[PDB]
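Participant: My structure is in entry_25.txt, and what it holds is compact mmCIF, N, CA and C atoms:
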# COMPACT_ATOMS: atom_id res chain seq x y z
N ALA A 1 4.71 32.45 -13.49
CA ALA A 1 4.71 33.80 -14.13
C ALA A 1 3.28 34.31 -14.27
N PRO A 2 3.12 35.62 -14.52
CA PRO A 2 1.75 36.12 -14.66
C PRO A 2 0.99 35.44 -15.82
N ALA A 3 -0.33 35.43 -15.68
CA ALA A 3 -1.23 34.81 -16.65
C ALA A 3 -1.13 35.36 -18.08
N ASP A 4 -0.78 36.64 -18.22
CA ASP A 4 -0.67 37.24 -19.55
C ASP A 4 0.71 37.17 -20.19
N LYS A 5 1.61 36.35 -19.65
CA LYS A 5 2.95 36.24 -20.22
C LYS A 5 2.96 35.89 -21.71
N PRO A 6 2.14 34.91 -22.14
CA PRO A 6 2.14 34.57 -23.57
C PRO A 6 1.77 35.76 -24.48
N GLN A 7 0.83 36.58 -24.02
CA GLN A 7 0.37 37.76 -24.75
C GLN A 7 1.45 38.86 -24.73
N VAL A 8 2.14 39.00 -23.60
CA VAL A 8 3.21 39.99 -23.50
C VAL A 8 4.35 39.59 -24.45
N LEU A 9 4.66 38.30 -24.49
CA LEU A 9 5.74 37.81 -25.35
C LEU A 9 5.39 38.04 -26.83
N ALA A 10 4.12 37.84 -27.18
CA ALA A 10 3.65 38.05 -28.56
C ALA A 10 3.78 39.55 -28.89
N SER A 11 3.39 40.41 -27.95
CA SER A 11 3.44 41.86 -28.14
C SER A 11 4.85 42.39 -28.35
N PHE A 12 5.85 41.71 -27.80
CA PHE A 12 7.25 42.14 -27.93
C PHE A 12 7.89 41.58 -29.19
N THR A 13 7.19 40.70 -29.89
CA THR A 13 7.77 40.04 -31.06
C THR A 13 7.03 40.16 -32.39
N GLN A 14 6.39 41.31 -32.61
CA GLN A 14 5.67 41.60 -33.85
C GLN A 14 6.64 42.39 -34.76
N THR A 15 6.33 42.47 -36.05
CA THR A 15 7.19 43.19 -36.99
C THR A 15 7.03 44.72 -36.94
N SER A 16 5.97 45.19 -36.30
CA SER A 16 5.68 46.61 -36.23
C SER A 16 6.66 47.43 -35.41
N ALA A 17 6.73 48.72 -35.74
CA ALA A 17 7.61 49.64 -35.04
C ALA A 17 7.15 49.75 -33.58
N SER A 18 5.84 49.68 -33.34
CA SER A 18 5.31 49.78 -31.99
C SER A 18 5.74 48.59 -31.10
N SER A 19 5.85 47.40 -31.69
CA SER A 19 6.29 46.22 -30.95
C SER A 19 7.79 46.39 -30.61
N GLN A 20 8.56 46.88 -31.57
CA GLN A 20 9.97 47.09 -31.29
C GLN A 20 10.15 48.15 -30.21
N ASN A 21 9.37 49.22 -30.27
CA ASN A 21 9.45 50.32 -29.30
C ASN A 21 9.08 49.86 -27.89
N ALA A 22 8.09 48.98 -27.82
CA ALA A 22 7.64 48.45 -26.54
C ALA A 22 8.77 47.58 -25.99
N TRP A 23 9.38 46.78 -26.85
CA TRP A 23 10.46 45.90 -26.40
C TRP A 23 11.69 46.69 -25.96
N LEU A 24 12.01 47.75 -26.70
CA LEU A 24 13.17 48.56 -26.36
C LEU A 24 13.02 49.19 -24.98
N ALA A 25 11.81 49.64 -24.64
CA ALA A 25 11.57 50.23 -23.34
C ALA A 25 11.72 49.15 -22.25
N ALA A 26 11.23 47.95 -22.52
CA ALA A 26 11.35 46.85 -21.55
C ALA A 26 12.82 46.47 -21.37
N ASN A 27 13.54 46.44 -22.48
CA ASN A 27 14.96 46.09 -22.45
C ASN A 27 15.76 47.05 -21.55
N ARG A 28 15.35 48.32 -21.54
CA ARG A 28 16.01 49.34 -20.73
C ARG A 28 15.53 49.28 -19.28
N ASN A 29 14.43 48.58 -19.05
CA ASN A 29 13.84 48.44 -17.72
C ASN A 29 13.54 46.97 -17.45
N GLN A 30 14.50 46.09 -17.70
CA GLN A 30 14.29 44.66 -17.51
C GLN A 30 13.77 44.28 -16.13
N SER A 31 14.28 44.94 -15.09
CA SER A 31 13.87 44.66 -13.71
C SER A 31 12.38 44.87 -13.48
N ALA A 32 11.78 45.80 -14.22
CA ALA A 32 10.36 46.08 -14.10
C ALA A 32 9.54 44.90 -14.63
N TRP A 33 10.19 44.01 -15.38
CA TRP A 33 9.54 42.84 -15.96
C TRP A 33 9.97 41.54 -15.29
N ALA A 34 10.61 41.66 -14.12
CA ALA A 34 11.10 40.51 -13.37
C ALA A 34 10.04 39.43 -13.12
N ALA A 35 8.80 39.85 -12.89
CA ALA A 35 7.72 38.90 -12.63
C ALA A 35 7.57 37.86 -13.74
N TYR A 36 7.88 38.27 -14.98
CA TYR A 36 7.75 37.40 -16.15
C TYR A 36 8.87 36.39 -16.38
N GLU A 37 9.99 36.58 -15.69
CA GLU A 37 11.12 35.66 -15.82
C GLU A 37 11.49 35.37 -17.28
N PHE A 38 11.63 36.43 -18.06
CA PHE A 38 12.01 36.29 -19.45
C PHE A 38 13.52 36.01 -19.51
N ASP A 39 13.97 35.37 -20.58
CA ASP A 39 15.39 35.13 -20.79
C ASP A 39 15.86 36.41 -21.53
N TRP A 40 16.66 37.23 -20.85
CA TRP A 40 17.16 38.49 -21.42
C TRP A 40 18.57 38.37 -21.95
N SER A 41 19.06 37.15 -22.09
CA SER A 41 20.42 36.93 -22.59
C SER A 41 20.48 37.10 -24.11
N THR A 42 21.59 37.66 -24.57
CA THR A 42 21.82 37.91 -26.00
C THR A 42 23.31 37.97 -26.35
N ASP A 43 23.65 37.53 -27.56
CA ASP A 43 25.02 37.57 -28.06
C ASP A 43 25.13 38.79 -28.99
N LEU A 44 24.07 39.58 -29.05
CA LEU A 44 23.99 40.72 -29.96
C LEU A 44 24.22 40.13 -31.36
N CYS A 45 25.03 40.77 -32.20
CA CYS A 45 25.25 40.23 -33.55
C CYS A 45 26.55 39.44 -33.71
N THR A 46 27.11 38.93 -32.61
CA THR A 46 28.37 38.19 -32.69
C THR A 46 28.30 36.88 -33.48
N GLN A 47 27.10 36.31 -33.60
CA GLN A 47 26.96 35.06 -34.33
C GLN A 47 26.33 35.29 -35.70
N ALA A 48 26.32 36.54 -36.13
CA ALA A 48 25.77 36.92 -37.42
C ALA A 48 26.89 37.05 -38.46
N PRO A 49 26.53 37.18 -39.76
CA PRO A 49 27.53 37.31 -40.83
C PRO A 49 28.29 38.64 -40.72
N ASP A 50 29.28 38.82 -41.58
CA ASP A 50 30.06 40.05 -41.57
C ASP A 50 29.19 41.29 -41.80
N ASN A 51 29.66 42.42 -41.30
CA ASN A 51 28.98 43.71 -41.39
C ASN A 51 30.13 44.67 -41.73
N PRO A 52 30.61 44.63 -42.99
CA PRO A 52 31.72 45.49 -43.41
C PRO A 52 31.56 47.00 -43.26
N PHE A 53 30.34 47.51 -43.35
CA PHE A 53 30.15 48.94 -43.24
C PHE A 53 29.78 49.39 -41.83
N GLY A 54 29.65 48.42 -40.92
CA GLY A 54 29.35 48.72 -39.54
C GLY A 54 28.00 49.34 -39.20
N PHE A 55 26.93 48.87 -39.83
CA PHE A 55 25.61 49.40 -39.52
C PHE A 55 25.25 48.92 -38.12
N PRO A 56 24.63 49.80 -37.32
CA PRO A 56 24.23 49.48 -35.94
C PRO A 56 23.02 48.55 -35.86
N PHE A 57 23.28 47.25 -35.98
CA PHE A 57 22.22 46.23 -35.95
C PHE A 57 22.11 45.49 -34.61
N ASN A 58 22.97 45.84 -33.65
CA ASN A 58 22.95 45.16 -32.36
C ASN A 58 21.58 45.03 -31.69
N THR A 59 20.79 46.10 -31.65
CA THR A 59 19.46 46.01 -31.02
C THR A 59 18.50 45.13 -31.82
N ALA A 60 18.72 45.05 -33.13
CA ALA A 60 17.88 44.22 -33.98
C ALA A 60 18.20 42.79 -33.59
N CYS A 61 19.50 42.49 -33.48
CA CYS A 61 19.94 41.16 -33.09
C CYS A 61 19.45 40.78 -31.69
N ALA A 62 19.51 41.74 -30.76
CA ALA A 62 19.08 41.49 -29.38
C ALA A 62 17.60 41.10 -29.29
N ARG A 63 16.74 41.79 -30.02
CA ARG A 63 15.32 41.45 -29.99
C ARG A 63 15.08 40.09 -30.66
N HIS A 64 15.89 39.75 -31.66
CA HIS A 64 15.76 38.46 -32.33
C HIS A 64 16.16 37.33 -31.36
N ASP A 65 17.22 37.55 -30.58
CA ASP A 65 17.67 36.58 -29.58
C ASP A 65 16.56 36.40 -28.55
N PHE A 66 15.95 37.50 -28.15
CA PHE A 66 14.87 37.47 -27.18
C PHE A 66 13.73 36.59 -27.70
N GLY A 67 13.34 36.83 -28.95
CA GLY A 67 12.27 36.05 -29.54
C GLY A 67 12.59 34.57 -29.59
N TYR A 68 13.77 34.22 -30.11
CA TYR A 68 14.18 32.82 -30.21
C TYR A 68 14.23 32.12 -28.85
N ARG A 69 15.01 32.69 -27.94
CA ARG A 69 15.19 32.11 -26.61
C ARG A 69 13.91 31.92 -25.80
N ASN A 70 13.04 32.92 -25.81
CA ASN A 70 11.82 32.81 -25.05
C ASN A 70 10.76 31.92 -25.68
N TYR A 71 10.74 31.81 -27.00
CA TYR A 71 9.75 30.93 -27.61
C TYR A 71 10.24 29.50 -27.49
N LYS A 72 11.56 29.32 -27.46
CA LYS A 72 12.11 27.99 -27.28
C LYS A 72 11.83 27.55 -25.85
N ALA A 73 11.89 28.50 -24.91
CA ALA A 73 11.62 28.22 -23.50
C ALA A 73 10.15 27.86 -23.30
N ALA A 74 9.28 28.41 -24.14
CA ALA A 74 7.85 28.13 -24.04
C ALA A 74 7.47 26.85 -24.81
N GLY A 75 8.43 26.29 -25.54
CA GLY A 75 8.19 25.07 -26.30
C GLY A 75 7.31 25.26 -27.51
N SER A 76 7.32 26.47 -28.08
CA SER A 76 6.52 26.79 -29.26
C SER A 76 7.35 27.57 -30.28
N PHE A 77 8.59 27.15 -30.47
CA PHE A 77 9.50 27.83 -31.39
C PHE A 77 9.18 27.71 -32.89
N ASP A 78 8.96 26.49 -33.37
CA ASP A 78 8.68 26.25 -34.80
C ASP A 78 7.61 27.14 -35.44
N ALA A 79 6.51 27.32 -34.74
CA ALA A 79 5.38 28.11 -35.24
C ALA A 79 5.57 29.62 -35.18
N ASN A 80 6.57 30.08 -34.44
CA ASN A 80 6.83 31.51 -34.31
C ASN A 80 8.12 31.97 -34.97
N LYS A 81 8.94 31.02 -35.40
CA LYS A 81 10.24 31.33 -36.01
C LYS A 81 10.16 32.31 -37.17
N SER A 82 9.21 32.08 -38.06
CA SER A 82 9.03 32.94 -39.23
C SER A 82 8.81 34.42 -38.89
N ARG A 83 7.89 34.68 -37.97
CA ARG A 83 7.59 36.05 -37.57
C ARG A 83 8.79 36.71 -36.90
N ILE A 84 9.48 35.95 -36.05
CA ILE A 84 10.66 36.47 -35.34
C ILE A 84 11.74 36.85 -36.36
N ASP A 85 11.95 35.99 -37.35
CA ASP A 85 12.93 36.26 -38.39
C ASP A 85 12.51 37.50 -39.18
N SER A 86 11.22 37.59 -39.49
CA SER A 86 10.70 38.75 -40.22
C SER A 86 10.83 40.04 -39.44
N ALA A 87 10.57 39.98 -38.14
CA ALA A 87 10.66 41.16 -37.27
C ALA A 87 12.11 41.66 -37.21
N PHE A 88 13.04 40.71 -37.25
CA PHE A 88 14.48 40.98 -37.24
C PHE A 88 14.82 41.77 -38.52
N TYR A 89 14.29 41.31 -39.65
CA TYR A 89 14.52 41.97 -40.95
C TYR A 89 13.94 43.39 -40.93
N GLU A 90 12.73 43.54 -40.40
CA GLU A 90 12.09 44.85 -40.31
C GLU A 90 12.86 45.79 -39.39
N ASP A 91 13.39 45.28 -38.28
CA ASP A 91 14.16 46.13 -37.36
C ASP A 91 15.41 46.65 -38.08
N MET A 92 16.05 45.78 -38.85
CA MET A 92 17.25 46.18 -39.56
C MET A 92 16.92 47.19 -40.67
N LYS A 93 15.80 46.98 -41.36
CA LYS A 93 15.41 47.92 -42.41
C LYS A 93 15.10 49.30 -41.85
N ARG A 94 14.59 49.36 -40.62
CA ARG A 94 14.30 50.65 -39.99
C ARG A 94 15.62 51.43 -39.82
N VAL A 95 16.70 50.70 -39.52
CA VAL A 95 18.02 51.32 -39.36
C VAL A 95 18.42 51.94 -40.70
N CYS A 96 18.27 51.14 -41.75
CA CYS A 96 18.63 51.54 -43.11
C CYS A 96 17.94 52.77 -43.68
N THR A 97 16.72 53.09 -43.22
CA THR A 97 16.01 54.26 -43.74
C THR A 97 16.70 55.57 -43.36
N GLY A 98 17.67 55.47 -42.45
CA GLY A 98 18.40 56.65 -42.03
C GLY A 98 19.55 56.98 -42.98
N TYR A 99 19.70 56.18 -44.04
CA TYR A 99 20.76 56.37 -45.03
C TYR A 99 20.17 56.57 -46.42
N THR A 100 20.90 57.26 -47.29
CA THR A 100 20.45 57.49 -48.66
C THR A 100 21.49 57.00 -49.65
N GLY A 101 21.10 56.94 -50.91
CA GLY A 101 22.02 56.50 -51.94
C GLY A 101 22.63 55.15 -51.70
N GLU A 102 23.90 55.02 -52.11
CA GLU A 102 24.65 53.77 -51.98
C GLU A 102 24.57 53.15 -50.59
N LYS A 103 24.68 53.99 -49.56
CA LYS A 103 24.65 53.47 -48.20
C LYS A 103 23.33 52.82 -47.87
N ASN A 104 22.25 53.40 -48.37
CA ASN A 104 20.94 52.83 -48.13
C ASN A 104 20.88 51.45 -48.78
N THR A 105 21.39 51.33 -50.00
CA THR A 105 21.38 50.06 -50.71
C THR A 105 22.30 49.03 -50.04
N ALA A 106 23.46 49.49 -49.56
CA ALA A 106 24.41 48.60 -48.88
C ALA A 106 23.82 48.14 -47.55
N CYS A 107 23.12 49.04 -46.87
CA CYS A 107 22.50 48.72 -45.60
C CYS A 107 21.40 47.67 -45.79
N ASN A 108 20.56 47.87 -46.80
CA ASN A 108 19.50 46.90 -47.07
C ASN A 108 20.06 45.55 -47.51
N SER A 109 21.19 45.57 -48.22
CA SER A 109 21.83 44.34 -48.67
C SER A 109 22.37 43.54 -47.46
N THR A 110 22.94 44.25 -46.49
CA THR A 110 23.47 43.59 -45.29
C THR A 110 22.29 43.04 -44.47
N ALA A 111 21.23 43.83 -44.34
CA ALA A 111 20.04 43.40 -43.60
C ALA A 111 19.51 42.11 -44.23
N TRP A 112 19.48 42.06 -45.56
CA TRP A 112 18.99 40.88 -46.26
C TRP A 112 19.89 39.68 -45.99
N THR A 113 21.20 39.89 -45.99
CA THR A 113 22.15 38.80 -45.75
C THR A 113 21.98 38.25 -44.34
N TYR A 114 21.77 39.14 -43.37
CA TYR A 114 21.59 38.71 -41.99
C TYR A 114 20.31 37.88 -41.90
N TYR A 115 19.25 38.39 -42.52
CA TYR A 115 17.96 37.71 -42.52
C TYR A 115 18.06 36.31 -43.17
N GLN A 116 18.70 36.24 -44.33
CA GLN A 116 18.86 34.98 -45.02
C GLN A 116 19.66 33.95 -44.22
N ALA A 117 20.62 34.42 -43.43
CA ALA A 117 21.47 33.54 -42.64
C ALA A 117 20.70 32.89 -41.48
N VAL A 118 19.54 33.44 -41.11
CA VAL A 118 18.74 32.80 -40.06
C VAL A 118 17.57 32.05 -40.72
N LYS A 119 17.14 32.54 -41.88
CA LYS A 119 16.06 31.91 -42.63
C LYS A 119 16.49 30.53 -43.13
N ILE A 120 17.79 30.33 -43.31
CA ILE A 120 18.30 29.04 -43.80
C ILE A 120 18.00 27.88 -42.85
N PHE A 121 17.78 28.19 -41.58
CA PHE A 121 17.50 27.16 -40.59
C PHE A 121 16.06 26.65 -40.62
N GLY A 122 15.19 27.37 -41.32
CA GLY A 122 13.80 26.94 -41.41
C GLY A 122 12.78 28.06 -41.39
What's the structure tokens form of this structure?
Facilitator:
Amino acid sequence: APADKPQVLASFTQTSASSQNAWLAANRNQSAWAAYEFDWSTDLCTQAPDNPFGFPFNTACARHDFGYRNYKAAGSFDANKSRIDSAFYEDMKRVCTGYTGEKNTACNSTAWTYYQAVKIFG
């Protein structure tokens, strides 16, 4: 793979909105990143806890899968797990800012539950 793969992977897995935006564009143009041989497989949120109100967290889950799978493939998962989990929480909270009142609180509560369910692993 190209020499800057580790840096590209780091850039796609930060908690910032810019890192998520960069990843979203790559996700829509995966073929343009073929040289990097990234693992683009994802279960979306199928292995996550219940989502009774149906907040659209699928893309948050997809970027989290990307982070986990690719850092595990690089053999450096333990040291990056925390940031990936945090980035997942931030992606979900970005979704929640689009709601007010009770829905905003319910959305943040679900985001927290999703985050805690992965944080339990370490």
Participant: Need to verify the contact set: residue 40 of chain A, 8 Å, only N, CA and C atoms, exclusion of same-chain residues closer than 5 positions in sequence. Can you return it as an mmCIF file with N, CA and C atoms, in the frame of the given file?
Facilitator:
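Saved as out_38.cif:
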data_model
loop_
_atom_site.group_PDB
_atom_site.id
_atom_site.type_symbol
_atom_site.label_atom_id
_atom_site.label_comp_id
_atom_site.auth_asym_id
_atom_site.auth_seq_id
_atom_site.Cartn_x
_atom_site.Cartn_y
_atom_site.Cartn_z
ATOM 1 N N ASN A 27 13.540 46.440 -22.480
ATOM 2 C CA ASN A 27 14.960 46.090 -22.450
ATOM 3 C C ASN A 27 15.760 47.050 -21.550
ATOM 4 N N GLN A 30 14.500 46.090 -17.700
ATOM 5 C CA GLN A 30 14.290 44.660 -17.510
ATOM 6 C C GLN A 30 13.770 44.280 -16.130
ATOM 7 N N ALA A 62 19.510 41.740 -30.760
ATOM 8 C CA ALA A 62 19.080 41.490 -29.380
ATOM 9 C C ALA A 62 17.600 41.100 -29.290
ATOM 10 N N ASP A 65 17.220 37.550 -30.580
ATOM 11 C CA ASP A 65 17.670 36.580 -29.580
ATOM 12 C C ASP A 65 16.560 36.400 -28.550
ATOM 13 N N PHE A 66 15.950 37.500 -28.150
ATOM 14 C CA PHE A 66 14.870 37.470 -27.180
ATOM 15 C C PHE A 66 13.730 36.590 -27.700
ATOM 16 N N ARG A 69 15.010 32.690 -27.940
ATOM 17 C CA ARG A 69 15.190 32.110 -26.610
ATOM 18 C C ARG A 69 13.910 31.920 -25.800
ATOM 19 N N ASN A 70 13.040 32.920 -25.810
ATOM 20 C CA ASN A 70 11.820 32.810 -25.050
ATOM 21 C C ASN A 70 10.760 31.920 -25.680
#
Participant: Taking the backbone alone, and naming residues the way the document does, which bits of chain A are helix (DSSP H, G or I) by DSSP, as a PyMOL selection string?
Facilitator: chain A and resi 5-11+17-28+30-36+58-73+81-96+101-119
Participant: Rank A:14, A:111, A:31, A:93 by their smallest atom-to-atom distance to residue 81 of chain A, using only C-alpha atoms, and report the top residue only.
Facilitator: A:14
Participant: Rank A:92, A:116, A:39, A:28 by their smallest atom-to-atom distance to residue 67 of chain A, using only C-alpha atoms, and report the top residue only.
Facilitator: A:39
Participant: May I ask for the distance between atom C of residue 78 of chain A and atom C of residue 6 of chain A, given in Å to one decimal place?
Facilitator: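 Atom C of residue 78 of chain A sits 15.1 Å away from atom C of residue 6 of chain A.
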Participant: Rounded to one decimal place, report the atom N of residue 119 of chain A-atom C of residue 107 of chain A distance in Å.
Facilitator: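 Atom N of residue 119 of chain A sits 16.2 Å away from atom C of residue 107 of chain A.
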Participant: So how far away is atom CA of residue 56 of chain A from atom CA of residue 20 of chain A, in Å?
Facilitator: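 Calculated distance between atom CA of residue 20 of chain A and atom CA of residue 56 of chain A is 15.2 Å.
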Participant: Give the answer as one residue: which of A:68, A:98, A:22, A:1 has the shortest atom-to-atom distance to residue 84 of chain A, using all atoms listed in the file?
Facilitator: A:68
Participant: Counting only N, CA and C atoms, which of A:89, A:74, A:42, A:97 gets nearest to residue 112 of chain A?
Facilitator: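 Distance minimum relative to residue 112 of chain A lands on A:89.
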Participant: Which is closest to residue 118 of chain A among A:15, A:51, A:105, A:86, if we use only C-alpha atoms?
Facilitator: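 Among the listed residues, the smallest separation from residue 118 of chain A belongs to A:86.
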Participant: Using only C-alpha atoms, which of A:61, A:120, A:87, A:79 sits nearest residue 19 of chain A?
Facilitator: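 Result for the nearest residue to residue 19 of chain A: A:87.
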Participant: Give, as AutoDock Vina command-line options, the centre coordinates and the x, y and z edge lengths in Å to one decimal for an axis-aligned box around all listed atoms of segment 99-105 of chain A, padded by 3 Å on each side.
Facilitator:
--center_x 22.2 --center_y 53.3 --center_z -48.1 --size_x 11.0 --size_y 14.5 --size_z 14.1
Participant: Please provide as a CSV table (one decimal) with N, CA and C atoms, in the coordinates of the input all residues within 8 Å of residue 50 of chain A, with the sequence filter that same-chain residues fewer than 2 positions apart are discarded (counting all atoms listed in the file).
Facilitator:
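Now in selection.csv:
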chain,number,residue,atom,x,y,z
A,47,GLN,N,27.1,36.3,-33.6
A,47,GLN,CA,27.0,35.1,-34.3
A,47,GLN,C,26.3,35.3,-35.7
A,48,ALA,N,26.3,36.5,-36.1
A,48,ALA,CA,25.8,36.9,-37.4
A,48,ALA,C,26.9,37.0,-38.5
A,52,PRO,N,30.6,44.6,-43.0
A,52,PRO,CA,31.7,45.5,-43.4
A,52,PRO,C,31.6,47.0,-43.3
A,53,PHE,N,30.3,47.5,-43.4
A,53,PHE,CA,30.2,48.9,-43.2
A,53,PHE,C,29.8,49.4,-41.8
A,54,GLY,N,29.6,48.4,-40.9
A,54,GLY,CA,29.4,48.7,-39.5
A,54,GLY,C,28.0,49.3,-39.2
A,110,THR,N,22.9,44.2,-46.5
A,110,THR,CA,23.5,43.6,-45.3
A,110,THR,C,22.3,43.0,-44.5
A,113,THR,N,21.2,39.9,-46.0
A,113,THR,CA,22.2,38.8,-45.8
A,113,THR,C,22.0,38.2,-44.3
A,114,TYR,N,21.8,39.1,-43.4
A,114,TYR,CA,21.6,38.7,-42.0
A,114,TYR,C,20.3,37.9,-41.9
